[PDB]
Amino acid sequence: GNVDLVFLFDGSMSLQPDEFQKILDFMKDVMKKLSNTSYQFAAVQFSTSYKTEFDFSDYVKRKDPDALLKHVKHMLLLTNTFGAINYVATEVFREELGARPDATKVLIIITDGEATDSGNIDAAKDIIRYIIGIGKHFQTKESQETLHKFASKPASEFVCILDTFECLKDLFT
């Protein structure tokens, strides 16, 4: 089965340079691990606003993770995670941008959990949401509870940390 996976990465001011760099590295690693498969990728940076760094069509055209994230500039503003999730649900998974109608829609959200906005993400209900916690404050399962609201259910199976990203194991099959 085909899969359209979007990386939604936190680019807020709370991210230290080394941490933001770790996020970019993680995205590159995930893409190289799923190269030449039925997976197609898109990447969206979010802080106060939302920016599609590359879409599905760009991936098909260029393929190279290094060249795809080359123009990325750390936003360094707020953390509007809910607005970001909504932006992806309506502005990214579009046929005009290379999205396949039949493909399973997957979202890999990379953030430290703290959102500066609120609201509902019903427009993203049909998207499978995996949440990858950044930083050294998600060492325990209890601390990961703060990420539950953004993930698909059961939350315990769609939430993990940047270091190991064990919750993504099924994607690599």
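Start at 1 with the first residue shown and count on from there.
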{"query": "Residue range whose averaged C-alpha B-factor is higher in the record, 5-13 or 156-164", "finding": "156-164"}
{"query": "Between the two ranges 116-124 and 58-66, the one averaging a larger CA B factor in the entry", "finding": "116-124"}
{"query": "Identity of residue with top Cα B-factor, from 147, 43, 34, 108", "finding": "34"}
{"query": "Which of 129, 28, 141, 137 ranks first by CA B-factor in the deposited coordinates", "finding": "137"}
{"query": "Third assignment of residue 47 from its chain's C-alpha B-factors", "finding": "lowest"}
{"query": "Chain-wide C-alpha B factor ranking for residue 97, given as lowest, middle or highest third", "finding": "highest"}
